[PDB]
C-alpha cells in the first residue's frame, strides 16, 4: 500500500525492537534479550572511548576505588555482556570468544535463547586506536534436554537474529533478522540508537577488495589469481582499490556500505583460517546474506556448516554477489578430480 501523511519518523532501536516483537506476537522474551543487548553495547562503547580514563591516571588519586589490577576492555567487555544477558532472564547458553567453555545460565535465570558473541573484536590492536566491535549471534534452543554446549552447535542458517556494534568514528549497531538488515547510529548524548538506514542492501558489484596480502606466500592459486585480476584487469579496465584494517567488523562494514569483497582465506598455518565460525563468521555471513550478498568458505556457504566445536575456525569470503561469484568460479576452475 501507499502510506500518505503528516509523518515524522524518529525511530529508536527500542521502539523498533518492540514493534517487531508485537508483529511477531512473541512473548517478549526476545524483546528483552535484544533490549539487554542494546544496553551492553552502549556501556562498552562508553568504555572503549575511554570515558573516565582520568581516574586510572589518578586525577583523584586512586585511593583504591577501581582497585589495583587490570580492567582490560577485553575482559570488562566480556563481563558486561555475560552479566547484562543473564539478567534478561532470556538466555540458557552463552558462547564467548574469551571463554573456553560454553556458559550455562543459572536455572533461576534461564530462557530459550543461545547467544554466541565476540565481546571486543580486533582488541589485540587497540593501542593504535583501530575500530573494534562486538559480534553477536542468537539461536533459539532446539530441544528439551538440559541446555548444554551442544545447543550452540547449530548452522548459521538457524540464527534468529545476528549483527554487530561498530565503535568507529561513531558507534553503529547493525541488526539483521529474518525480515532484513537495519542500521542504528548511537546518539551518545541521549544514549539512544536511531534508525539511520532501513532495509540495507549491498551493491551487486563493488570496487574494493580486502585481504591481508602479507600472506600472499601461502595463498592458494584460486585466491592468487583473483587478486591478480583485481590489480591488473585483463579488459584494461580500472583496477580495484585495496583496504584492510585488520579488524573484521570494520572491514565487513566497509564492504556492506560501499560494496566489494572481504576475504580471510585458508593459508598454510591456519588450514581452516583464523576467523572462528560461531561468533564471527556466521553472524557476518547471516548479515551479508540478508543484505543481499554472498558468504562462502570457497567450497560451501558458511551458514550451512554444521559446527563440531564452539571454537571451530573457518575460512571466509563475503561481499557483493558479482565479486564473490567471480572468485568462486576460479575455485571451481582450479578444483579438480
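Residue numbers count along the first chain shown, from 1.
When the C-alpha B-factors of 147 to 155 and 253 to 261 are averaged, 147 to 155 comes out higher.
The mean C-alpha temperature factor is higher for 124 to 132 when 205 to 213 and 124 to 132 are set side by side. The PDB entry assigns the greatest CA B-factor among 190, 243, 174, 105 to 105. Remark: of 101, 224, 182, 169, 101 shows the highest value [criterion: C-alpha B-factor in the PDB entry].
Placement of the Cα temperature factor of residue 18 within the chain: middle third of the modelled residues, per the deposited record. When the CA B factors of the chain's modelled residues are split into thirds, the value for residue 296 lands in the middle one. Among the modelled residues of its chain, residue 68 has a C-alpha B-factor that falls in the highest third, as given in the PDB entry.
When the modelled residues of the chain are ordered by C-alpha B-factor, residue 283 sits in the lowest third. Sort the chain's modelled residues by C-alpha temperature factor and residue 49 lands in the lowest third, per the entry.
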